[PDB]
Amino acid sequence: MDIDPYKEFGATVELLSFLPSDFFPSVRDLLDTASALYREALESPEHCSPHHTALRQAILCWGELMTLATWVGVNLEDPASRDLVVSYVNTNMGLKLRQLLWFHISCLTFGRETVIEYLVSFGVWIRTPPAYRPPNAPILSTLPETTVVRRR
Amino acid sequence: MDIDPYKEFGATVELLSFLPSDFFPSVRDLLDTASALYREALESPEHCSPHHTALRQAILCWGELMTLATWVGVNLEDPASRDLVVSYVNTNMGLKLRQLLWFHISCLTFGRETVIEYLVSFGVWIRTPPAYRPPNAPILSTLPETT
Amino acid sequence: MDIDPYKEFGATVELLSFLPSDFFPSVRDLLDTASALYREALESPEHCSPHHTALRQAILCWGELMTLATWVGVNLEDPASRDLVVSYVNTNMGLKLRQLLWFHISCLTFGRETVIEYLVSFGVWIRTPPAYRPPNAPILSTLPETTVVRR
Amino acid sequence: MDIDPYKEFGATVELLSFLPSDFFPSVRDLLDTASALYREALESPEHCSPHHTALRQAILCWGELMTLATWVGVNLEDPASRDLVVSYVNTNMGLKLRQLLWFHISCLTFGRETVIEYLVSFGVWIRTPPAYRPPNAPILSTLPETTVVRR
C-alpha cells in the first residue's frame with residue numbers, strides 16, 4: 001500500500017520533487033506561519049478543508065519527533081550517537097516535513113490551483129540549465145511585485 | 001499550538017484515554033486491516049472523507065518512522081545505543097500512532113458516531129469494579145446477523 | 001481574566017509577535033507621529049474611533065512609566081539596581097508599547113484591514129528564503145503610485 | 001501630549017479630584033468587580049463600548065506593572081532598593097490607576113451620566129464643613145438602602 005501524500009490534493013511527489021531544499025523555510029518558520037495565520041481554524045472542532053486536516057496531522061507528526069529528539073538527549077548516554085540521530089531527525093525527516101508544511105500552508109494562502117500551476121512553471125525553470133534560463137526563480141507571493149502595501 | 005488530533009472528529013485525547021494503552025492492536029495488525037479493506041480508497045486521487053485524509057497521513061507518518069529505524073540499524077555502530085532508539089520508536093512512538101490508526105480505521109468501518117459511543121461504553125466497562133464487571137469487554141461489530 | 005489588547009481590533013499577540021522585535025520604530029518616533037498627525041483628535045472630547053480611545057490610554061500609560069523612570073533616578077541611589085529597572089522599562093516594557101502604538105497609529109493612517117494583511121504579508125516575506133521572495137521588504141505608504149503623467 | 005483620560009467620557013481630572021485619594025477602593029477590589037460583572041465582555045472579540053476599550057487597556061496597564069513588581073523582586077539583588085521601588089508601583093502608580101478603574105467600572109453599571117452627577121453631588125457633600133454635612137454621603141446604587149420585595 002503505497003500512499004502519495006499529495007495525490008489526494010492534485011499534486012504528486014514527482015511534481016514537488018523539483019523544488020530544491022533551499023526553497024523551503026525552516027521547520028520553525030513554517031510552524032510560526034501556520035500558528036500566526038491558521039491556528040484558530042486549526043484548533044477549531046471542525047473540518048475546514050482537507051488542507052486543515054492534513055496540517056493538523058503533520059504538526060502533530062513533528063511534535064512526536066521533537067519528543068524523540070528531546071528523548072535521545074536525556075535517555076541516551078553515548079554522545080557520539082546522540083547527535084548523529086538528532087541530525088537525521090532535523091535534516092532528513094525535517095526536510096520531508098518542510099515540504100509538506102509548505103505545500104498546505106501555500107494551498108491555504110494562495111489556493112490549490114495556483115500552487116499546482118506554480119510547481120509546473122517552477123519545474124520548467126529548474127530543469128533549464130542555468131545558462132538558458134532567467135536568473136530569478138518564479139515567485140509565489142501575496143505581495144505586489146513592488147510590495148508597498150498602500151490601502152484597499 | 002495544541003491541535004488535539006481527535007477534536008475535528010468529535011472525540012478528544014481524554015475520551016480516547018478511557019481505553020488502556022495495551023488495548024490497541026499492534027501497528028501491523030492495523031496496517032493490514034486498512035490494506036485489506038481501504039487500500040483502493042487510500043490510494044485513490046480523491047478526497048473520500050476526512051478519515052481517509054487522516055489515515056493517509058498516519059500511514060505515511062509510520063512509514064517514515066520505520067525508515068528511521070532502518071537507518072538507526074545501518075548507521076549506528078554502537079549496538080547498546082541502537083536498541084534504545086529502535087525500541088523507543090516501535091513502542092513509545094508506536095502507541096500514539098497505534099491509537100490514531102485504530103480510531104480512523106474503526107470510524108471508516110463502523111461509522112464515527114458508533115466509535116464515540118464505543119468509547120463511552122468501554123469506559124463504563126473499564127471503570128466498573130472487577131466483581132461487577134462483565135467478563136466480556138465491549139467490541140465493535142458489523143453484524144445484524146441476517147438469515 | 002486574560003485580556004488580549006489586539007483582539008477587539010482583529011489581531012492577536014502572536015500576530016504582532018510574528019514580525020521581528022526590532023522591526024518596530026523607537027518609542028519616540030511613534031509618539032512624534034501621533035502628535036504630528038493625530039494630536040487634535042487625541043485631545044478632543046470626541047471618542048472618534050476605538051483606535052483613538054486605545055491610543056490615548058497607551059500614551060498615558062507610557063507617561064506613567066516615564067514618571068517612574070524619572071522617579072527611580074532621583075529616589076533610588078544604588079546605581080546597579082537603577083540600571084536594571086530603568087533599562088527594563090525602556091526595553092522590555094517599551095517593546096510591548098512600541099507594538100501597541102505602531103498598531104493603532106498604522107490603523108488610523110492606513111486602515112485596519114490593511115495593517116492586518118500587512119502583518120501577515122511582511123511576516124511570511126521575512127521567513128521566505130531570499131532568492132524565492134521579492135527583493136524589497138514590504139512597506140506601508142499612503143502616497144499613490146505614478147499617478148500623474150506616468151499613468 | 002497633555003491627554004486627559006476622562007475628557008472623551010465627559011469628565012476631567014479635576015472633576016474626579018473632588019473624590020479624595022482614599023475614596024477609591026483597592027486595585028484588587030476593582031479587578032474583582034470587573035471580573036465578576038464584565039469579564040465576558042472584556043474578553044469578547046468585539047468593541048462593546050468605549051468604557052470596555054478603556055478598561056481593557058487599563059487592566060493590561062496593571063498587568064504590566066505586576067510583571068514589573070515581580071521582575072524587580074527576582075532581578076534586583078539590593079533589598080534596600082527593591083523594596084523601595086515596588087512600594088512606588090503598588091501605592092503611587094496604583095492610585096492613578098484605581099481612580100481610572102473605578103470610573104469605567106462605575107460607568108458600565110449605573111451609566112455614565114449618573115457617575116458624573118454623582119461626582120458633582122459628592123463634591124457638594126465633601127466641601128460642606130463637617131458641622132453642616134449630613135451623616136450619609138451620596139452613593140451609587142440601583143436600589144434604595146431598604147427594598148421591600150414579597151419573594
# chains A, B, ... in the order shown; residues from 1 in each chain; ligands from 1
$ calpha_fit_rmsd --fixed "chain D" --moving "chain C"
2.0 Å
$ closest_atom_pairs --of "chain C" --to "chain A" --cutoff "10 Å" --atoms "only C-alpha atoms" --output "Markdown table"
| residue | atom | partner | partner_atom | distance |
| --- | --- | --- | --- | --- |
| C:11 | CA | A:36 | CA | 9.8 |
| C:12 | CA | A:36 | CA | 8.5 |
| C:13 | CA | A:36 | CA | 9.2 |
| C:14 | CA | A:36 | CA | 6.0 |
| C:15 | CA | A:36 | CA | 5.3 |
| C:16 | CA | A:36 | CA | 8.8 |
| C:17 | CA | A:36 | CA | 8.6 |
| C:18 | CA | A:36 | CA | 6.6 |
| C:109 | CA | A:151 | CA | 9.6 |
| C:110 | CA | A:151 | CA | 6.1 |
| C:111 | CA | A:151 | CA | 7.0 |
| C:112 | CA | A:151 | CA | 9.5 |
| C:113 | CA | A:152 | CA | 7.9 |
| C:114 | CA | A:151 | CA | 5.8 |
| C:115 | CA | A:151 | CA | 8.8 |
| C:117 | CA | A:149 | CA | 8.8 |
| C:118 | CA | A:149 | CA | 6.9 |
| C:119 | CA | A:36 | CA | 9.7 |
| C:120 | CA | A:37 | CA | 7.3 |
| C:121 | CA | A:143 | CA | 6.5 |
| C:122 | CA | A:143 | CA | 8.5 |
| C:123 | CA | A:33 | CA | 7.9 |
| C:124 | CA | A:33 | CA | 6.7 |
| C:125 | CA | A:141 | CA | 8.0 |
| C:126 | CA | A:29 | CA | 9.3 |
| C:127 | CA | A:29 | CA | 5.9 |
| C:128 | CA | A:25 | CA | 5.7 |
| C:129 | CA | A:25 | CA | 6.4 |
| C:130 | CA | A:23 | CA | 9.2 |
| C:131 | CA | A:137 | CA | 7.3 |
| C:132 | CA | A:139 | CA | 5.8 |
| C:133 | CA | A:139 | CA | 6.0 |
| C:134 | CA | A:145 | CA | 6.4 |
| C:135 | CA | A:145 | CA | 8.8 |
| C:136 | CA | A:147 | CA | 6.9 |
| C:137 | CA | A:147 | CA | 7.0 |
| C:138 | CA | A:147 | CA | 4.9 |
| C:139 | CA | A:148 | CA | 4.8 |
| C:140 | CA | A:149 | CA | 5.2 |
| C:141 | CA | A:150 | CA | 4.9 |
| C:142 | CA | A:150 | CA | 5.6 |
| C:143 | CA | A:150 | CA | 7.5 |
| C:144 | CA | A:150 | CA | 7.6 |
| C:145 | CA | A:150 | CA | 9.2 |
$ closest_atom_pairs --of "chain B" --to "chain A" --cutoff "7 Å" --atoms "only C-alpha atoms" --output "JSON lines"
{"residue": "B:1", "atom": "CA", "partner": "A:35", "partner_atom": "CA", "distance": 6.8}
{"residue": "B:2", "atom": "CA", "partner": "A:43", "partner_atom": "CA", "distance": 7.0}
{"residue": "B:3", "atom": "CA", "partner": "A:43", "partner_atom": "CA", "distance": 5.2}
{"residue": "B:5", "atom": "CA", "partner": "A:56", "partner_atom": "CA", "distance": 6.9}
{"residue": "B:7", "atom": "CA", "partner": "A:45", "partner_atom": "CA", "distance": 5.2}
{"residue": "B:8", "atom": "CA", "partner": "A:45", "partner_atom": "CA", "distance": 4.3}
{"residue": "B:35", "atom": "CA", "partner": "A:1", "partner_atom": "CA", "distance": 6.3}
{"residue": "B:39", "atom": "CA", "partner": "A:1", "partner_atom": "CA", "distance": 6.3}
{"residue": "B:42", "atom": "CA", "partner": "A:3", "partner_atom": "CA", "distance": 6.9}
{"residue": "B:43", "atom": "CA", "partner": "A:3", "partner_atom": "CA", "distance": 5.6}
{"residue": "B:45", "atom": "CA", "partner": "A:8", "partner_atom": "CA", "distance": 4.6}
{"residue": "B:46", "atom": "CA", "partner": "A:8", "partner_atom": "CA", "distance": 4.9}
{"residue": "B:47", "atom": "CA", "partner": "A:8", "partner_atom": "CA", "distance": 6.0}
{"residue": "B:50", "atom": "CA", "partner": "A:50", "partner_atom": "CA", "distance": 6.9}
{"residue": "B:53", "atom": "CA", "partner": "A:54", "partner_atom": "CA", "distance": 6.8}
{"residue": "B:54", "atom": "CA", "partner": "A:54", "partner_atom": "CA", "distance": 6.8}
{"residue": "B:56", "atom": "CA", "partner": "A:3", "partner_atom": "CA", "distance": 6.6}
{"residue": "B:57", "atom": "CA", "partner": "A:57", "partner_atom": "CA", "distance": 6.4}
{"residue": "B:61", "atom": "CA", "partner": "A:61", "partner_atom": "CA", "distance": 6.5}
{"residue": "B:76", "atom": "CA", "partner": "A:81", "partner_atom": "CA", "distance": 6.9}
{"residue": "B:81", "atom": "CA", "partner": "A:76", "partner_atom": "CA", "distance": 6.9}
$ residues_around --residues "residue 76 in chain C" --least-positions-apart "3" --cutoff "9 Å" --atoms "only C-alpha atoms" --output "list in words"
residues 71, 72, 73, 79, 81 and 82 of chain C; 81, 84 and 85 of chain D
$ residues_around --residues "residue 118 in chain B" --least-positions-apart "5" --cutoff "9 Å" --atoms "only C-alpha atoms" --output "PyMOL selection string"
chain B and resi 113+123+138-140
$ atom_distance --atom1 "CA of residue 56 in chain D" --atom2 "CA of residue 70 in chain D"
21.2 Å
$ interface_residues --of "chain C" --to "chain D" --cutoff "6 Å" --atoms "only C-alpha atoms" --output "PyMOL selection string"
chain C and resi 3+7-8+43+45-47+81
$ write_last_selection --atoms "N, CA and C atoms" --output "compact mmCIF listing (two decimals), in the first residue's frame"
# COMPACT_ATOMS: atom_id res chain seq x y z
N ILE C 3 -6.83 39.20 29.04
CA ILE C 3 -7.29 40.12 28.01
C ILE C 3 -6.22 40.25 26.94
N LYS C 7 -7.41 41.98 20.39
CA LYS C 7 -8.43 41.02 19.98
C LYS C 7 -9.68 41.72 19.47
N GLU C 8 -10.05 42.85 20.06
CA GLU C 8 -11.20 43.58 19.56
C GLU C 8 -10.93 44.25 18.23
N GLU C 43 -6.76 64.90 21.62
CA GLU C 43 -7.05 65.86 22.68
C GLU C 43 -8.51 66.27 22.71
N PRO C 45 -12.76 66.10 23.01
CA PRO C 45 -13.81 65.40 23.77
C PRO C 45 -14.50 64.29 23.00
N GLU C 46 -14.35 64.23 21.68
CA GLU C 46 -14.97 63.17 20.90
C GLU C 46 -14.28 61.83 21.13
N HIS C 47 -15.06 60.75 21.05
CA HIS C 47 -14.44 59.43 21.04
C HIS C 47 -13.69 59.17 19.75
N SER C 81 21.27 48.68 40.75
CA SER C 81 19.84 48.40 40.85
C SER C 81 19.00 49.38 40.06
$ atom_distance --atom1 "CA of residue 100 in chain B" --atom2 "CA of residue 127 in chain B"
22.6 Å
$ select_by_dssp --residues "chain B" --states "helix (DSSP H, G or I)" --output "count of residues only"
96
